[PDB]
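The chain below stands alone and is given as structure tokens, in the form deposited in one PDB entry.
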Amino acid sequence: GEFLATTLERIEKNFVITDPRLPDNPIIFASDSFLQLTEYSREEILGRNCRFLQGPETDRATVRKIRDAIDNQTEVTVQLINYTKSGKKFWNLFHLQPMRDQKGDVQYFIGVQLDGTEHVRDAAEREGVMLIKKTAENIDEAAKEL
């Protein structure tokens, strides 16, 4: 269909990239795995703020932690309930970090989502955060020259 995946978006990891220069910090790249998890097509996601994944059981306190991170241009790692297109719930161990250019200005934000069936703690939380941070570092490389 529309918006065939770029090579970046075929990286076998769940992430999105947003452009904070664009009204409402919208998604501009979304990986195939993100599409698969969320049940949206790429055309349905692009140019939208990622908050469309939130729903009734999403903890708004947690959403404010993300808002504040973006506002302060800093990373955050949180867990929150998200919803697919068809309204199926999933937990999202979510890591955000800015991507900076060669003058240290924030160019994009990188978001990595690890979907799970439950809030994780201890070993599962640690291994999850290990995974999403390593992924974010990989994408910071991948995205640098877009």
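Sequential numbering from 1, following the sequence displayed.
A second form of this protein, the form solved in complex with a partner chain, is not displayed here; the remarks below concern that form.
Contact annotation: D101 falls within 4.5 Å of its partner chain in the deposited bound form, judged by heavy atom distances. In the deposited bound form, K134 stays away from its partner chain, with no heavy atom inside 4.5 Å. Although the partner is absent here, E57 lies well away from its partner chain in the deposited bound form, with no heavy atom inside 4.5 Å. Among heavy atoms of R42, some come within 4.5 Å of its partner chain in the deposited bound form. Contact annotation for the candidate site: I17, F29 and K144 all lie close to its partner chain in the deposited bound form (heavy atom within 4.5 Å).
Residue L46 is the only one of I81, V120, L46, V63 with a heavy atom lying within 4.5 Å of its partner chain in the deposited bound form.
The partner is not drawn, yet in the deposited bound form one stretch among 66 to 74, 111 to 119, 29 to 37, 89 to 97 has residues with heavy atoms inside 4.5 Å of its partner chain: 29 to 37.
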